[PDB]
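The structure file my_file_8.cif is reproduced below (mmCIF, N, CA and C atoms).
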```cif
data_my_file
loop_
_atom_site.group_PDB
_atom_site.id
_atom_site.type_symbol
_atom_site.label_atom_id
_atom_site.label_comp_id
_atom_site.auth_asym_id
_atom_site.auth_seq_id
_atom_site.Cartn_x
_atom_site.Cartn_y
_atom_site.Cartn_z
ATOM 1 N N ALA A 1 -17.402 -54.984 -80.704
ATOM 2 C CA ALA A 1 -16.119 -54.361 -80.406
ATOM 3 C C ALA A 1 -14.965 -55.180 -80.973
ATOM 4 N N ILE A 2 -13.888 -54.498 -81.347
ATOM 5 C CA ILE A 2 -12.718 -55.164 -81.905
ATOM 6 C C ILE A 2 -11.521 -55.047 -80.968
ATOM 7 N N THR A 3 -11.538 -54.024 -80.119
ATOM 8 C CA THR A 3 -10.455 -53.800 -79.170
ATOM 9 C C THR A 3 -10.308 -54.978 -78.215
ATOM 10 N N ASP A 4 -11.424 -55.631 -77.912
ATOM 11 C CA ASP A 4 -11.418 -56.779 -77.011
ATOM 12 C C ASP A 4 -10.480 -57.867 -77.523
ATOM 13 N N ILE A 5 -10.209 -57.844 -78.824
ATOM 14 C CA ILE A 5 -9.327 -58.829 -79.437
ATOM 15 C C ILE A 5 -8.042 -58.178 -79.941
ATOM 16 N N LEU A 6 -8.190 -57.180 -80.804
ATOM 17 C CA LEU A 6 -7.042 -56.472 -81.360
ATOM 18 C C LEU A 6 -6.568 -55.374 -80.412
ATOM 19 N N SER A 7 -5.511 -54.673 -80.809
ATOM 20 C CA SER A 7 -4.958 -53.597 -79.994
ATOM 21 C C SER A 7 -4.952 -52.281 -80.766
ATOM 22 N N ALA A 8 -5.453 -51.227 -80.128
ATOM 23 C CA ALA A 8 -5.504 -49.910 -80.752
ATOM 24 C C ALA A 8 -4.101 -49.385 -81.040
ATOM 25 N N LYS A 9 -3.104 -49.997 -80.409
ATOM 26 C CA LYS A 9 -1.717 -49.592 -80.597
ATOM 27 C C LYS A 9 -1.001 -50.532 -81.561
ATOM 28 N N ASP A 10 -1.708 -51.563 -82.010
ATOM 29 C CA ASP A 10 -1.141 -52.534 -82.938
ATOM 30 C C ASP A 10 -1.806 -52.430 -84.308
ATOM 31 N N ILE A 11 -3.091 -52.092 -84.311
ATOM 32 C CA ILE A 11 -3.843 -51.959 -85.553
ATOM 33 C C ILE A 11 -3.263 -50.854 -86.430
ATOM 34 N N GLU A 12 -3.209 -49.642 -85.886
ATOM 35 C CA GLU A 12 -2.677 -48.499 -86.619
ATOM 36 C C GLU A 12 -1.178 -48.660 -86.862
ATOM 37 N N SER A 13 -0.529 -49.454 -86.017
ATOM 38 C CA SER A 13 0.904 -49.689 -86.136
ATOM 39 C C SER A 13 1.192 -50.803 -87.138
ATOM 40 N N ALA A 14 0.131 -51.427 -87.640
ATOM 41 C CA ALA A 14 0.268 -52.508 -88.608
ATOM 42 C C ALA A 14 -0.222 -52.075 -89.985
ATOM 43 N N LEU A 15 -1.115 -51.092 -90.009
ATOM 44 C CA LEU A 15 -1.664 -50.587 -91.263
ATOM 45 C C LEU A 15 -0.550 -50.130 -92.200
ATOM 46 N N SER A 16 0.154 -49.074 -91.804
ATOM 47 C CA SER A 16 1.244 -48.537 -92.609
ATOM 48 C C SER A 16 2.582 -49.130 -92.176
ATOM 49 N N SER A 17 2.565 -50.408 -91.809
ATOM 50 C CA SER A 17 3.775 -51.093 -91.370
ATOM 51 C C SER A 17 4.204 -52.146 -92.389
ATOM 52 N N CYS A 18 3.223 -52.770 -93.032
ATOM 53 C CA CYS A 18 3.496 -53.798 -94.030
ATOM 54 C C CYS A 18 3.111 -53.317 -95.425
ATOM 55 N N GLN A 19 3.411 -52.056 -95.715
ATOM 56 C CA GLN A 19 3.094 -51.474 -97.014
ATOM 57 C C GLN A 19 4.355 -51.292 -97.852
ATOM 58 N N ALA A 20 5.420 -51.986 -97.467
ATOM 59 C CA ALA A 20 6.687 -51.902 -98.184
ATOM 60 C C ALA A 20 7.421 -53.239 -98.161
ATOM 61 N N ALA A 21 8.499 -53.331 -98.933
ATOM 62 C CA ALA A 21 9.289 -54.554 -98.998
ATOM 63 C C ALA A 21 10.321 -54.602 -97.878
ATOM 64 N N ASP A 22 10.578 -53.450 -97.268
ATOM 65 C CA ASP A 22 11.545 -53.360 -96.180
ATOM 66 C C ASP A 22 10.858 -52.977 -94.873
ATOM 67 N N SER A 23 9.580 -52.622 -94.963
ATOM 68 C CA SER A 23 8.812 -52.229 -93.788
ATOM 69 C C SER A 23 8.339 -53.454 -93.014
ATOM 70 N N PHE A 24 8.105 -54.548 -93.733
ATOM 71 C CA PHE A 24 7.647 -55.787 -93.115
ATOM 72 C C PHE A 24 8.825 -56.704 -92.800
ATOM 73 N N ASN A 25 9.550 -56.383 -91.734
ATOM 74 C CA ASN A 25 10.703 -57.177 -91.327
ATOM 75 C C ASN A 25 10.342 -58.106 -90.172
ATOM 76 N N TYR A 26 11.314 -58.897 -89.730
ATOM 77 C CA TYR A 26 11.099 -59.833 -88.633
ATOM 78 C C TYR A 26 10.460 -59.132 -87.437
ATOM 79 N N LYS A 27 10.771 -57.851 -87.275
ATOM 80 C CA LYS A 27 10.228 -57.064 -86.174
ATOM 81 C C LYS A 27 8.783 -56.662 -86.455
ATOM 82 N N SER A 28 8.496 -56.344 -87.713
ATOM 83 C CA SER A 28 7.154 -55.940 -88.112
ATOM 84 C C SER A 28 6.146 -57.052 -87.835
ATOM 85 N N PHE A 29 6.604 -58.296 -87.938
ATOM 86 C CA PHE A 29 5.743 -59.448 -87.700
ATOM 87 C C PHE A 29 5.480 -59.631 -86.208
ATOM 88 N N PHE A 30 6.371 -59.090 -85.384
ATOM 89 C CA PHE A 30 6.236 -59.193 -83.936
ATOM 90 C C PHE A 30 5.296 -58.119 -83.399
ATOM 91 N N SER A 31 5.290 -56.963 -84.057
ATOM 92 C CA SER A 31 4.441 -55.852 -83.644
ATOM 93 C C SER A 31 3.193 -55.768 -84.519
ATOM 94 N N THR A 32 2.870 -56.871 -85.185
ATOM 95 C CA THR A 32 1.702 -56.924 -86.057
ATOM 96 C C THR A 32 0.433 -56.556 -85.298
ATOM 97 N N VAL A 33 -0.603 -56.171 -86.037
ATOM 98 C CA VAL A 33 -1.876 -55.794 -85.433
ATOM 99 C C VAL A 33 -2.317 -56.821 -84.395
ATOM 100 N N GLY A 34 -2.033 -58.091 -84.670
ATOM 101 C CA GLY A 34 -2.407 -59.150 -83.751
ATOM 102 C C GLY A 34 -3.238 -60.229 -84.417
ATOM 103 N N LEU A 35 -4.116 -59.820 -85.326
ATOM 104 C CA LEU A 35 -4.976 -60.761 -86.036
ATOM 105 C C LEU A 35 -4.159 -61.905 -86.628
ATOM 106 N N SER A 36 -3.170 -61.559 -87.445
ATOM 107 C CA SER A 36 -2.316 -62.557 -88.078
ATOM 108 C C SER A 36 -1.534 -63.345 -87.030
ATOM 109 N N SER A 37 -1.477 -62.808 -85.816
ATOM 110 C CA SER A 37 -0.758 -63.457 -84.726
ATOM 111 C C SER A 37 -1.712 -63.842 -83.599
ATOM 112 N N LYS A 38 -2.953 -64.148 -83.962
ATOM 113 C CA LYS A 38 -3.964 -64.534 -82.985
ATOM 114 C C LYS A 38 -4.239 -66.034 -83.050
ATOM 115 N N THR A 39 -5.151 -66.501 -82.203
ATOM 116 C CA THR A 39 -5.507 -67.913 -82.165
ATOM 117 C C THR A 39 -6.638 -68.222 -83.139
ATOM 118 N N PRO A 40 -6.710 -69.486 -83.584
ATOM 119 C CA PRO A 40 -7.742 -69.937 -84.521
ATOM 120 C C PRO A 40 -9.127 -69.979 -83.886
ATOM 121 N N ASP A 41 -9.724 -68.806 -83.704
ATOM 122 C CA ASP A 41 -11.051 -68.708 -83.106
ATOM 123 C C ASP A 41 -11.509 -67.254 -83.037
ATOM 124 N N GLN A 42 -10.611 -66.376 -82.604
ATOM 125 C CA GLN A 42 -10.924 -64.957 -82.488
ATOM 126 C C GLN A 42 -10.901 -64.281 -83.856
ATOM 127 N N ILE A 43 -10.115 -64.837 -84.772
ATOM 128 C CA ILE A 43 -10.004 -64.289 -86.117
ATOM 129 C C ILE A 43 -11.372 -64.185 -86.783
ATOM 130 N N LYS A 44 -12.120 -65.282 -86.759
ATOM 131 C CA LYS A 44 -13.450 -65.315 -87.356
ATOM 132 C C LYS A 44 -14.335 -64.217 -86.776
ATOM 133 N N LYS A 45 -14.138 -63.920 -85.495
ATOM 134 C CA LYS A 45 -14.915 -62.889 -84.820
ATOM 135 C C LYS A 45 -14.556 -61.503 -85.347
ATOM 136 N N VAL A 46 -13.383 -61.395 -85.963
ATOM 137 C CA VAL A 46 -12.923 -60.127 -86.515
ATOM 138 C C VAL A 46 -13.444 -59.924 -87.934
ATOM 139 N N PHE A 47 -13.819 -61.021 -88.583
ATOM 140 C CA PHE A 47 -14.334 -60.965 -89.945
ATOM 141 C C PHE A 47 -15.814 -60.589 -89.953
ATOM 142 N N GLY A 48 -16.490 -60.849 -88.838
ATOM 143 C CA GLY A 48 -17.902 -60.533 -88.737
ATOM 144 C C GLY A 48 -18.156 -59.043 -88.618
ATOM 145 N N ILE A 49 -17.083 -58.271 -88.486
ATOM 146 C CA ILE A 49 -17.195 -56.822 -88.362
ATOM 147 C C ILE A 49 -16.973 -56.137 -89.706
ATOM 148 N N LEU A 50 -16.514 -56.907 -90.687
ATOM 149 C CA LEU A 50 -16.261 -56.374 -92.022
ATOM 150 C C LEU A 50 -17.530 -56.399 -92.869
ATOM 151 N N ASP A 51 -18.165 -57.565 -92.939
ATOM 152 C CA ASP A 51 -19.391 -57.721 -93.712
ATOM 153 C C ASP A 51 -20.327 -56.538 -93.492
ATOM 154 N N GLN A 52 -21.181 -56.274 -94.476
ATOM 155 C CA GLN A 52 -22.128 -55.169 -94.389
ATOM 156 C C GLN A 52 -23.238 -55.480 -93.390
ATOM 157 N N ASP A 53 -23.791 -56.684 -93.484
ATOM 158 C CA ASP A 53 -24.862 -57.105 -92.587
ATOM 159 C C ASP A 53 -24.775 -58.601 -92.302
ATOM 160 N N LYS A 54 -23.599 -59.175 -92.535
ATOM 161 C CA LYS A 54 -23.383 -60.598 -92.304
ATOM 162 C C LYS A 54 -24.451 -61.432 -93.004
ATOM 163 N N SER A 55 -24.623 -61.197 -94.300
ATOM 164 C CA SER A 55 -25.615 -61.925 -95.084
ATOM 165 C C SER A 55 -25.134 -63.340 -95.389
ATOM 166 N N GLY A 56 -23.898 -63.634 -95.000
ATOM 167 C CA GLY A 56 -23.338 -64.952 -95.239
ATOM 168 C C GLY A 56 -21.902 -64.894 -95.718
ATOM 169 N N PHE A 57 -21.690 -64.279 -96.876
ATOM 170 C CA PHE A 57 -20.352 -64.159 -97.446
ATOM 171 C C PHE A 57 -20.051 -62.713 -97.827
ATOM 172 N N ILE A 58 -18.784 -62.436 -98.119
ATOM 173 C CA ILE A 58 -18.364 -61.093 -98.498
ATOM 174 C C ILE A 58 -17.770 -61.079 -99.902
ATOM 175 N N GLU A 59 -18.547 -60.595 -100.864
ATOM 176 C CA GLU A 59 -18.096 -60.526 -102.249
ATOM 177 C C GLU A 59 -17.152 -59.345 -102.455
ATOM 178 N N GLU A 60 -16.541 -59.282 -103.634
ATOM 179 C CA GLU A 60 -15.613 -58.205 -103.957
ATOM 180 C C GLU A 60 -16.250 -56.842 -103.697
ATOM 181 N N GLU A 61 -17.578 -56.799 -103.738
ATOM 182 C CA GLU A 61 -18.308 -55.558 -103.509
ATOM 183 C C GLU A 61 -18.098 -55.059 -102.082
ATOM 184 N N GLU A 62 -18.250 -55.961 -101.117
ATOM 185 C CA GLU A 62 -18.079 -55.611 -99.712
ATOM 186 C C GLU A 62 -16.622 -55.770 -99.286
ATOM 187 N N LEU A 63 -15.814 -56.346 -100.168
ATOM 188 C CA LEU A 63 -14.398 -56.558 -99.885
ATOM 189 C C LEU A 63 -13.609 -55.265 -100.059
ATOM 190 N N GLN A 64 -14.110 -54.382 -100.916
ATOM 191 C CA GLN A 64 -13.451 -53.107 -101.171
ATOM 192 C C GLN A 64 -13.533 -52.198 -99.949
ATOM 193 N N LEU A 65 -14.242 -52.657 -98.924
ATOM 194 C CA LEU A 65 -14.398 -51.884 -97.695
ATOM 195 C C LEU A 65 -13.498 -52.429 -96.591
ATOM 196 N N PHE A 66 -12.510 -53.228 -96.980
ATOM 197 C CA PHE A 66 -11.579 -53.815 -96.024
ATOM 198 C C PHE A 66 -10.744 -52.733 -95.346
ATOM 199 N N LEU A 67 -10.543 -51.622 -96.047
ATOM 200 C CA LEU A 67 -9.762 -50.512 -95.514
ATOM 201 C C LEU A 67 -10.605 -49.653 -94.576
ATOM 202 N N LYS A 68 -11.867 -50.033 -94.409
ATOM 203 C CA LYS A 68 -12.778 -49.300 -93.537
ATOM 204 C C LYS A 68 -12.800 -49.911 -92.139
ATOM 205 N N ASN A 69 -12.333 -51.150 -92.031
ATOM 206 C CA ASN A 69 -12.299 -51.845 -90.750
ATOM 207 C C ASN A 69 -11.054 -51.461 -89.956
ATOM 208 N N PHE A 70 -10.038 -50.971 -90.659
ATOM 209 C CA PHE A 70 -8.791 -50.566 -90.020
ATOM 210 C C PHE A 70 -8.667 -49.046 -89.985
ATOM 211 N N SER A 71 -8.797 -48.420 -91.150
ATOM 212 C CA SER A 71 -8.694 -46.969 -91.254
ATOM 213 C C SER A 71 -10.036 -46.358 -91.647
ATOM 214 N N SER A 72 -10.176 -45.056 -91.414
ATOM 215 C CA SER A 72 -11.409 -44.350 -91.740
ATOM 216 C C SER A 72 -11.160 -43.279 -92.798
ATOM 217 N N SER A 73 -9.984 -43.329 -93.415
ATOM 218 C CA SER A 73 -9.618 -42.361 -94.443
ATOM 219 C C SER A 73 -9.619 -43.011 -95.823
ATOM 220 N N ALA A 74 -9.144 -44.251 -95.887
ATOM 221 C CA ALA A 74 -9.090 -44.985 -97.145
ATOM 222 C C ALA A 74 -10.491 -45.303 -97.656
ATOM 223 N N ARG A 75 -10.901 -44.615 -98.717
ATOM 224 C CA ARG A 75 -12.220 -44.823 -99.300
ATOM 225 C C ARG A 75 -12.525 -46.312 -99.438
ATOM 226 N N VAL A 76 -11.895 -46.952 -100.419
ATOM 227 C CA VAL A 76 -12.098 -48.376 -100.657
ATOM 228 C C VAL A 76 -10.895 -48.991 -101.363
ATOM 229 N N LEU A 77 -10.781 -50.313 -101.281
ATOM 230 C CA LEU A 77 -9.676 -51.026 -101.912
ATOM 231 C C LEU A 77 -9.540 -50.632 -103.379
ATOM 232 N N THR A 78 -8.415 -50.999 -103.984
ATOM 233 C CA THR A 78 -8.162 -50.685 -105.385
ATOM 234 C C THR A 78 -7.746 -51.928 -106.161
ATOM 235 N N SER A 79 -7.251 -51.723 -107.377
ATOM 236 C CA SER A 79 -6.819 -52.829 -108.223
ATOM 237 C C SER A 79 -5.488 -53.397 -107.738
ATOM 238 N N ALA A 80 -5.480 -53.898 -106.507
ATOM 239 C CA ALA A 80 -4.274 -54.473 -105.924
ATOM 240 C C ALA A 80 -4.526 -54.948 -104.497
ATOM 241 N N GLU A 81 -5.328 -54.189 -103.758
ATOM 242 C CA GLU A 81 -5.647 -54.534 -102.378
ATOM 243 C C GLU A 81 -6.758 -55.578 -102.321
ATOM 244 N N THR A 82 -7.824 -55.342 -103.080
ATOM 245 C CA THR A 82 -8.956 -56.260 -103.115
ATOM 246 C C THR A 82 -8.576 -57.575 -103.787
ATOM 247 N N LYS A 83 -7.702 -57.492 -104.785
ATOM 248 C CA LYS A 83 -7.254 -58.676 -105.510
ATOM 249 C C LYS A 83 -6.302 -59.508 -104.658
ATOM 250 N N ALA A 84 -5.327 -58.842 -104.045
ATOM 251 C CA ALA A 84 -4.353 -59.521 -103.199
ATOM 252 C C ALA A 84 -5.004 -60.045 -101.923
ATOM 253 N N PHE A 85 -6.248 -59.638 -101.690
ATOM 254 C CA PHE A 85 -6.982 -60.065 -100.505
ATOM 255 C C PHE A 85 -8.006 -61.140 -100.856
ATOM 256 N N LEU A 86 -8.782 -60.888 -101.904
ATOM 257 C CA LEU A 86 -9.802 -61.834 -102.346
ATOM 258 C C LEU A 86 -9.165 -63.115 -102.874
ATOM 259 N N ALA A 87 -8.255 -62.965 -103.832
ATOM 260 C CA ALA A 87 -7.569 -64.109 -104.419
ATOM 261 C C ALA A 87 -6.683 -64.805 -103.390
ATOM 262 N N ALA A 88 -6.441 -64.131 -102.272
ATOM 263 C CA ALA A 88 -5.612 -64.686 -101.209
ATOM 264 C C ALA A 88 -6.468 -65.320 -100.118
ATOM 265 N N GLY A 89 -7.691 -64.819 -99.967
ATOM 266 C CA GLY A 89 -8.589 -65.349 -98.956
ATOM 267 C C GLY A 89 -9.551 -66.377 -99.518
ATOM 268 N N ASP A 90 -10.345 -65.966 -100.501
ATOM 269 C CA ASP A 90 -11.315 -66.859 -101.124
ATOM 270 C C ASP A 90 -10.652 -68.162 -101.561
ATOM 271 N N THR A 91 -10.871 -69.220 -100.785
ATOM 272 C CA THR A 91 -10.293 -70.523 -101.090
ATOM 273 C C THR A 91 -11.376 -71.591 -101.206
ATOM 274 N N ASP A 92 -12.326 -71.566 -100.278
ATOM 275 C CA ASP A 92 -13.419 -72.532 -100.277
ATOM 276 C C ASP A 92 -14.722 -71.877 -100.725
ATOM 277 N N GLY A 93 -14.607 -70.854 -101.566
ATOM 278 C CA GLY A 93 -15.783 -70.158 -102.053
ATOM 279 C C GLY A 93 -15.725 -69.900 -103.546
ATOM 280 N N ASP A 94 -16.205 -68.733 -103.962
ATOM 281 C CA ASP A 94 -16.208 -68.366 -105.373
ATOM 282 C C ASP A 94 -16.641 -66.916 -105.558
ATOM 283 N N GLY A 95 -15.665 -66.020 -105.664
ATOM 284 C CA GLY A 95 -15.966 -64.611 -105.841
ATOM 285 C C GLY A 95 -16.384 -63.942 -104.547
ATOM 286 N N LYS A 96 -15.977 -64.521 -103.423
ATOM 287 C CA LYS A 96 -16.313 -63.975 -102.114
ATOM 288 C C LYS A 96 -15.538 -64.689 -101.011
ATOM 289 N N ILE A 97 -15.649 -64.177 -99.790
ATOM 290 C CA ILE A 97 -14.959 -64.768 -98.649
ATOM 291 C C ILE A 97 -15.874 -64.839 -97.431
ATOM 292 N N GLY A 98 -15.725 -65.902 -96.647
ATOM 293 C CA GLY A 98 -16.544 -66.069 -95.460
ATOM 294 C C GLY A 98 -15.725 -66.048 -94.184
ATOM 295 N N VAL A 99 -15.763 -67.151 -93.442
ATOM 296 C CA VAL A 99 -15.019 -67.256 -92.192
ATOM 297 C C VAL A 99 -13.879 -68.261 -92.314
ATOM 298 N N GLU A 100 -14.220 -69.493 -92.680
ATOM 299 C CA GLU A 100 -13.224 -70.547 -92.833
ATOM 300 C C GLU A 100 -12.141 -70.133 -93.825
ATOM 301 N N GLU A 101 -12.521 -69.310 -94.797
ATOM 302 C CA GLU A 101 -11.583 -68.840 -95.811
ATOM 303 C C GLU A 101 -10.886 -67.561 -95.356
ATOM 304 N N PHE A 102 -11.405 -66.959 -94.290
ATOM 305 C CA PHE A 102 -10.834 -65.728 -93.755
ATOM 306 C C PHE A 102 -9.621 -66.027 -92.879
ATOM 307 N N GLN A 103 -9.852 -66.751 -91.788
ATOM 308 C CA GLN A 103 -8.778 -67.104 -90.867
ATOM 309 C C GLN A 103 -7.646 -67.817 -91.598
ATOM 310 N N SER A 104 -7.990 -68.512 -92.677
ATOM 311 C CA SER A 104 -7.002 -69.243 -93.463
ATOM 312 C C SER A 104 -6.034 -68.283 -94.146
ATOM 313 N N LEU A 105 -6.389 -67.003 -94.160
ATOM 314 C CA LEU A 105 -5.554 -65.983 -94.782
ATOM 315 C C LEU A 105 -4.829 -65.155 -93.725
ATOM 316 N N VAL A 106 -5.534 -64.834 -92.645
ATOM 317 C CA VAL A 106 -4.957 -64.048 -91.560
ATOM 318 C C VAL A 106 -3.767 -64.766 -90.936
ATOM 319 N N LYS A 107 -3.936 -66.055 -90.662
ATOM 320 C CA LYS A 107 -2.874 -66.857 -90.065
ATOM 321 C C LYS A 107 -1.642 -66.883 -90.963
ATOM 322 N N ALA A 108 -1.833 -66.541 -92.233
ATOM 323 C CA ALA A 108 -0.735 -66.521 -93.192
ATOM 324 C C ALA A 108 0.019 -65.197 -93.137
#
```

Write-out of the structure in structure tokens:
Amino acid sequence: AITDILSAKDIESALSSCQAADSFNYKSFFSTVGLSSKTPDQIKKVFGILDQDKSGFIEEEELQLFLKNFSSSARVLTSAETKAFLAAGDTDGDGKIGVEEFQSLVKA
């Protein structure tokens, strides 16, 4: 379950909230989904729900499904979402993201 950590009223309110240059204001950061505003421990628990089968790491292949953990309409990431996420998360890896490299991005 993800509700135990995130909020059903914050997740959907954060999806189409930071998709603009004026949409992500000081207020948008306060009403964020919560992940980016969570403690260094629960975040990793939120990344274990993205992986396909938690084989260890999440390559660009399974990264294109990042829009599946939040929304159920967005097919898969594109030439901007997966890049701005992978190149932003993958820090202690190589062509993929795990846990230590995940929370290091959410907290940002």

Test item: the PyMOL selection byres (((chain A and resi 81-86 and name CA) around 9) and name CA) resolved as a VMD selection string: chain A and resid 59 to 60 63 to 67 76 to 80 87 to 91 95 to 97 105

Stretch 13-15 of chain A surroundings by all atoms listed in the file, 6 Å radius, close-in-sequence under 6 positions cut, as a PyMOL selection string: chain A and resi 31-33

Residues matched by the PyMOL selection byres ((chain A and resi 56) around 7), written as a PyMOL selection string: chain A and resi 53-55+57-58+97-99

Between atom CA of residue A:47 and atom CA of residue A:75 - distance in Å to one decimal: 18.8 Å

Top pick for closest residue to residue A:102, considering A:72, A:44, A:19, A:50 and counting only C-alpha atoms: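 Of the candidates, the smallest distance to residue A:102 is held by A:44.
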
Separation of atom N of residue A:12 from atom CA of residue A:70, in Å and rounded to one decimal: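 Spanning atom N of residue A:12 to atom CA of residue A:70 is a straight-line distance of 7.0 Å.
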
May I have the centre and edge lengths, in Å to one decimal, of an axis-aligned box around the listed atoms of stretch 73-83 of chain A with 4 Å added to every side, as lines of an AutoDock Vina configuration file?
```
center_x = -8.4
center_y = -50.9
center_z = -100.8
size_x = 16.3
size_y = 25.1
size_z = 22.8
```

One-decimal distance in Å that lies between atom CA of residue A:40 and atom CA of residue A:104: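 Computing the Euclidean distance for atom CA of residue A:104 and atom CA of residue A:40 yields 9.0 Å.
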